[PDB]
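Okay, so here's the structure we're looking at.
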Amino acid sequence: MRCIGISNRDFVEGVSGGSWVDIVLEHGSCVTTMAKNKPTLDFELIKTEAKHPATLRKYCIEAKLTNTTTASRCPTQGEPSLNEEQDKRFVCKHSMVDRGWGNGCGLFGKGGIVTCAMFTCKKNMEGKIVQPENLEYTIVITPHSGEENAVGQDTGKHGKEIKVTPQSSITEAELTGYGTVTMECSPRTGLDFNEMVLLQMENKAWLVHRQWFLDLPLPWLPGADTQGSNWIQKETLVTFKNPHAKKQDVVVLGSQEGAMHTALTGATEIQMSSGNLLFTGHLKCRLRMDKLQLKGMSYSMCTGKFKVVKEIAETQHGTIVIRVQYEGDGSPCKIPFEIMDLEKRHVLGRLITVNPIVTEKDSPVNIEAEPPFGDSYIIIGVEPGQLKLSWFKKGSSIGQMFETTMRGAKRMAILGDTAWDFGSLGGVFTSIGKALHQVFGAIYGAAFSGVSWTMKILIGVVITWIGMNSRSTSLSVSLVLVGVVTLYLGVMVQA
Amino acid sequence: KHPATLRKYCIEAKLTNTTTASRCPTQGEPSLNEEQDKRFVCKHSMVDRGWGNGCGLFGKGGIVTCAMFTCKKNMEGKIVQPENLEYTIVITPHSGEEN
Amino acid sequence: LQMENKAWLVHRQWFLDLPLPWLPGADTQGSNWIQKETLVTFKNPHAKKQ
Amino acid sequence: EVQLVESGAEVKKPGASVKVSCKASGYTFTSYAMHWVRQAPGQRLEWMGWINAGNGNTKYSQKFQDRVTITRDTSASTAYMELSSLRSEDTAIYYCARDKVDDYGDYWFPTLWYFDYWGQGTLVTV
Amino acid sequence: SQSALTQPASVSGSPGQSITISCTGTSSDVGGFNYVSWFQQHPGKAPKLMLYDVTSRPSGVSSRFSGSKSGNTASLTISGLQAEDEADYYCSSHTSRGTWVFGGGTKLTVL
Amino acid sequence: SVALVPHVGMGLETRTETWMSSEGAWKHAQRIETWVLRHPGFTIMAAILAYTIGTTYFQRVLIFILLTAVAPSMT
Amino acid sequence: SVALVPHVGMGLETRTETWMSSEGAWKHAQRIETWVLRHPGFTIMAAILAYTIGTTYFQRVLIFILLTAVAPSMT
Ligand SMILES: *[C@@H]1O[C@H](CO)[C@@H](O)[C@H](O)[C@H]1NC(C)=O
Ligand SMILES: *[C@@H]1O[C@H](CO)[C@@H](O)[C@H](O)[C@H]1NC(C)=O
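Residue numbers (the deposited numbering), protein chains in the order written: chain A, 1 to 495; chain B, 51 to 149; chain C, 199 to 248; chain D, 1 to 126; chain E, 0 to 110; chain F, 1 to 75; chain G, 1 to 75.
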């Protein structure tokens, strides 16, 4: 019952003819799956460890110049020569300074001058790369029925942790009283590692784009260096001064840590103090409900009295969780829980904690249910001692549908075509929508890559105006539709 | 001459004593006594709260975090009064005499 | 404008419009930096911690 | 289940440096965060602070935030609490407890059973 | 910080009866957060967690121990006092500032 | 410098919040507004140029917006 | 950041070498070149938008260059 507290919780209801459902386990989001006659399960992606990343490129963010030297030639005598020019760790530049009799030359003109200073690196930002091979996810599956505590079992916990690495596609988790859940996850397509750099500057690490990382204008080493002195592109971290065309000087151009922090705007930070832990990105899995059994089936109904040990609480997703304790005979029995209307003539509310049961006499099992909008009754127990607890659900139905549509749009924005594999059970509409989304998303990524959200909004407004003014209505509708989607993406981007 | 500093800018800061205070949902924003200390930088946000977190209500709980801001390096912007400029000029007669 | 070991002659409005923490210049103690938020970042991912 | 064994009682002169280890077995050390509780003989339990074994993050009490330092070994499977400036008030038995951190290694909010397991106790008479 | 947790210094009850221990604290820790935990400490023994939540208790602990919290006060209720209930009981809470406050402690003595 | 080429449009954006998303969402627009305030002269000239170069109110407004946004960034 | 307000256009310019003049003369233009190389998709759409917005040939090129300059520098 982890998902209760999480604001980003999605309810996936239904399984295919084969009793499988595919889901996307995003980081920081909890998924709860409800299937008829099936235990309700809570899936959370809690970790993404990338192991043994190989260094790709070292960048210099803070250098220091030393051993500065200068050589001059009299005018018309070519360029001077510095022995330090042969060495590649000296940054050198050629310029011309006015010469004459006063400065020791027999000709009045511009003589060549060369300034060389030894370039040294104080701080560098390694950028490492991982191959999907050593990309190990971690998922927690918690049987959503029971009581939500991690101290019930000394050896472990009620929830199970399964590590989804690319080596094994099938990961099978055995729940103590619920059978086994099978996840056929696909780690290779979750996040496009090997098109992505694990940038690590000092004690902070990010997850940057490989092309962006390789386009950074800083001194860099290949990444396989051992001496670590032959920096490439040194002149990006050095200034040469020839102020009055009289002498030339070279300065080190300060430290680039803060500028790099500003540059990393828009990159999701990660952890590298131990193991290169990533807490971002999604994962696509298929659920195997076939071997999942309800924990408390083949119990007799509880006929005793029930008391509410915890006041009914309205969870953020429109459900209610109530903790009740059983005081009656027949310890291991199944709780009679119902949600009806004010006349007690209909069962209006659905039960998220399907098949609530009393495992132990003195154990406060907690129940999550979805009541209907408006006034209702939460009834627990049989008629002698049955609890009627009135509830009012604050919202409306149409508002909930609007919210669900907006949530689906936000999923289509955060995720790519995977938004079509979040709730799908196969089917031609899902497949066709996914294919069309793939085509339009390829076109949109080609068109809008590397553009800020402000530019996306500007382009959306421009396209909307063009469509609004188009004389052909087919083109007009298409253009306004594209512009509206572009505006929405601009508003929702910068997540 | 006689430049007077008008402003010091911090170019390399440091955060040392981080403290945080959390409030349960529908109870408003929390309070830190460091929040009205001027040498502390603070920010208010909302974190998910619930039974696991220890609240008893399900919603967004106000959160505040504060760290002490310390400057390790600064850049002094100085100003000079126009009366304090002293230009130096050299007048050499183009005579042809040697040193 | 004197930074660490180097100095520049800069416009005064440009200098007063820089996005960095600043003391008024008469503060010997340096315990009241202004605009401290331009040199720190507050991160709240997943709405779980800050 | 899980077991935590603290060190033997130490009698020290006031002002000396104290260091008492609490090796905890039966569970992933870096998974849980280990707290330190002090109780003067004949007085209440008194919370010093916690050290997270996952990443070394620590928190000390207002009272102890100057002379009290907590460090742990991930490999040695032990966490150490050291008191800097000893005093007669500091003559108490110091108890090490444990609380599990979240799935992300952070220790923002504790588990409701935040002191489910303790140590037998180490007595220091300053 | 400070022992905001204030509970009766001395408590006694006849064997077999029901005795309650009340722990009071500020609205920061015990009035706002359900982290009220009750710990029993025997002579020369380390504290043992009795109720980790306001009312929840560990597997080992018997069901005679039941807690409650109303307003800023937390109450430990023991039903059917035995001769093995003569230990001290320390309430604790997770303060809103992230610290831990223990109660003064109640020494239970049975007649 | 590196700060002039940020990582904002990379397309690697999950539901998790990025490095300085909250701070940097409006930094560019704030900086353009501050620049217009400090340097009013160029704004009027840009308005006149956009009016002259645009036959329609859409062209004029778009051109003026582009000129105003480019001038500070171009520096 | 502070690097986005570079003090380039503030007058006060003598006949003496200013800070990072030769380096920083074309660095923005080179940045735009690299960005257009890395993101050719946006350039095509910007050209199409410029062509469809504005009737005269001069107008279209003015819009295209303005958009391609704003895009990378919008940050
Ligand atoms: C550079 O100067 C240092 C003295 O600071 C000297 O020890 C070193 O040998 C010199 N190296 C070169 C290559 O000139
Ligand atoms: C901040 O932490 C340091 C750590 O040594 C401590 O000495 C100092 O007193 C602390 N200041 C506070 C908490 O205001």
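Note that the Cβ used here is the ideal one computed from N, Cα and C, for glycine as well.
Which residue from A:272, A:135 and A:251 puts its Cα closest to that of residue 186 of chain A? For the purposes of this step, residue 186 of chain A is taken as residue 186 along the first sequence, with counting starting at 1. Ranking the options by Cα distance to residue 186 of chain A, first place goes to A:135.
Counting only the same chain and skipping the five closest in sequence on each side, list residues whose C-beta sits under 7 Å from that of residue 388 of chain A. Within the first sequence, residue 388 of chain A is the residue found at index 388, counting from 1. Around residue 388 of chain A: 377 and 379.
Does residue 471 of chain A pass the burial test, meaning 16 or more other C-beta atoms within 10 Å, or should it be called exposed? Position 471 of the first sequence, counted from the first residue, corresponds to residue 471 of chain A. When all chains shown are included, residue 471 of chain A counts as exposed.
Anything in chain D within Cβ reach of residue 247 of chain C, meaning under 7 Å, just list it in chain order. Mapped onto the third sequence, residue 247 of chain C falls at position 49. Here the neighbours are 106 and 108.
Less than 8 Å between the CB atoms is what I'm expecting for residue 279 of chain A and residue 16 of chain F, so what's the real figure, rounded? For this step, residue 279 of chain A is matched to residue 279 along the first sequence. For this step, residue 16 of chain F is matched to residue 16 along the sixth sequence. Rounded, the Cβ-Cβ distance is 7 Å, consistent with contact.
Beta strand (DSSP E) segment containing residue 143 of chain A, residue limits: As a working note, residue 143 of chain A is residue 143 in the first sequence. Unbroken beta strand (DSSP E) run through residue 143 of chain A: 135 to 143.
Contact between the segment 119 to 131 of chain A and the segment 59 to 66 of chain A is defined here as three or more beta-carbon pairs at a separation below 8 Å; is this criterion met? yes
State the beta-bridge partners of residue 116 of chain A as determined by DSSP. Translated into positions along the first sequence, residue 116 of chain A becomes position 116. Beta-bridge pairing links residue 116 of chain A to A:69 and A:92.
Name the two residues that bound the continuous beta strand (DSSP E) containing residue 72 of chain D. Within the fourth sequence, residue 72 of chain D is the residue found at index 72, counting from 1. Residues 68 to 73.
Could you give the first and the last residue of the continuous beta strand (DSSP E) run that contains residue 472 of chain A? Here residue 472 of chain A refers to the residue found at position 472 when the first sequence is read from its first residue. Per DSSP, residue 472 of chain A belongs to no beta strand (DSSP E) and is neither H nor E.
Answer yes or no: the CB of residue 43 of chain G versus the heavy atoms of ligand 1, is any distance below 8 Å? For this step, residue 43 of chain G is matched to residue 43 along the seventh sequence. The answer is no for residue 43 of chain G.
Please list, in chain order, all residues of the same chain as residue 152 of chain A whose beta carbon is under 7 Å from its beta carbon, the five residues on each side excluded. For this step, residue 152 of chain A is matched to residue 152 along the first sequence. Hits under 7 Å: 158.
Strictly below 8 Å CB to CB, what residues from chain C border residue 7 of chain A? Numbered from its first residue, the first sequence carries residue 7 of chain A at position 7. Neighbours of residue 7 of chain A on chain C, chain order: 245.
Any chance the CB of residue 230 of chain A is under 8 Å from a heavy atom of ligand 1? Translated into the one-based positions of the first sequence, residue 230 of chain A becomes position 230. No - ligand 1 has no heavy atom lying nearer than 8 Å to the Cβ of residue 230 of chain A.
Counting only C-beta atoms, is residue 187 of chain A closer than 9 Å to chain F at any point? To locate residue 187 of chain A, count along the first sequence from 1; it is residue 187. Chain F contact via Cβ: absent.
For ligand 1, is there any heavy atom lying closer than 8 Å to the beta carbon of residue 84 of chain A? Within the first sequence, residue 84 of chain A is the residue found at index 84, counting from 1. Under cutoff, so the answer is yes.
Rounded to whole angstroms, what is the Cα-Cα separation between residue 7 of chain E and residue 18 of chain E? Taking the first residue of the fifth sequence as position 1, residue 7 of chain E is located at position 8. Taking the first residue of the fifth sequence as position 1, residue 18 of chain E is located at position 19. Answer to the nearest angstrom: the Cα atoms are 12 Å apart.
What is the DSSP secondary structure of residue 273 of chain A, reduced to helix, strand or coil? Stepping through the first sequence from its first residue, residue 273 of chain A is reached at position 273. DSSP places residue 273 of chain A in coil when its eight states are reduced to three.
Using Cβ-Cβ distances below 8 Å, what residues of the segment 11 to 40 of chain G are close to chain C? 11, 12 and 19
Give me every residue whose Cβ sits closer than 6 Å to any heavy atom of ligand 1, in chain order. A:66, A:67 and A:118
Taking 8 Å as the cut-off, is the C-beta of residue 502 of chain A nearer than that to any heavy atom in ligand 2? Any answer about residue 502 of chain A is impossible in this case: the structure gives chain A only from 1 up to 495.
Which residues share a DSSP beta bridge with residue 52 of chain D? Indexing the fourth sequence from 1 puts residue 52 of chain D at position 52. Residue 52 of chain D is bridged to D:33.
Mapping the DSSP letters down to three states, classify residue 297 of chain A as helix, strand or coil. Along the first sequence, one-based indexing puts residue 297 of chain A at 297. Correct three-state label for residue 297 of chain A: coil.
Would you verify that the beta carbon of residue 72 of chain F is, or is not, closer than 9 Å to some beta carbon of chain A? The residue you call residue 72 of chain F lines up with position 72 of the sixth sequence. Closer than 9 Å: no.
Partners in chain E for residue 75 of chain B, counting only beta-carbon separations shorter than 8 Å: One-based indexing of the second sequence puts residue 75 of chain B at position 25. Ordered by position in chain E, no residue passes the 8 Å Cβ test against residue 75 of chain B, which lies about 11 Å from the chain.
For residue 2 of chain G, which residues in chain C fall below 7 Å Cβ to Cβ? Along the seventh sequence, one-based indexing puts residue 2 of chain G at 2. Those within 7 Å of residue 2 of chain G in chain C are 216, 217 and 218.
May I ask you to list, following chain order, the residues of the segment 21 to 52 of chain A that have a beta carbon less than 7 Å from some beta carbon of chain C? 28
Taking 8 Å as the cut-off, is the CB of residue 211 of chain A close to at least one heavy atom of ligand 2? If you number the first sequence from 1, residue 211 of chain A lands on position 211. Because no heavy atom of ligand 2 lies under 8 Å away, the Cβ of residue 211 of chain A does not count as near it: no.
Please check if any C-beta of chain G sits within less than 9 Å of the C-beta of residue 450 of chain A. As a first step, residue 450 of chain A must be located in the first sequence, where it is residue number 450. By this cut-off, residue 450 of chain A is an interface position.
Throw me the rounded Cβ distance for the residue 267 of chain A and residue 207 of chain A pair, which I believe falls under 8 Å. As a first step, residue 267 of chain A is located in the first sequence; it is residue number 267 there, counting from the start. As a first step, residue 207 of chain A is located in the first sequence; it is residue number 207 there, counting from the start. Right, the Cβ-Cβ distance comes to about 6 Å (below 8 Å), so this counts as a contact.
Would you call the CB atoms of residue 116 of chain D and residue 14 of chain E closer than 9 Å? Position 116 of the fourth sequence holds residue 116 of chain D. Position 15 of the fifth sequence holds residue 14 of chain E. Going by C-beta atoms, residue 116 of chain D is not nearer than 9 Å to residue 14 of chain E.
Spell out whether any CB of chain B is found under 9 Å from the CB atom of residue 211 of chain C. Residue numbering aside, residue 211 of chain C sits at position 13 when the third sequence is read from its first letter. With 9 Å as the cut-off, residue 211 of chain C does not count as an interface residue toward chain B.
Going by other Cβ atoms of all chains shown within 10 Å of its Cβ, with 16 needed for buried, is residue 440 of chain A buried or exposed? Reading the first sequence from its first residue, position 440 is the one you call residue 440 of chain A. Exposed.
Express the C-alpha separation of residue 51 of chain D and residue 171 of chain A in angstroms, rounding to a whole number. Counting from one through the first sequence, the residue named residue 171 of chain A turns up at place 171. Counting from one through the fourth sequence, the residue named residue 51 of chain D turns up at place 51. So the alpha carbons of these two residues sit roughly 34 Å apart.
Determine whether the Cβ of residue 81 of chain B lies closer than 9 Å to any Cβ atom of chain D. Position 31 of the second sequence, counted from the start, is the residue given in the question as residue 81 of chain B. No, no contact with chain D.
Stretch-stretch touch, CB-based, cutoff 8 Å, three pairs: the segment 29 to 42 of chain D with the segment 75 to 94 of chain D: yes
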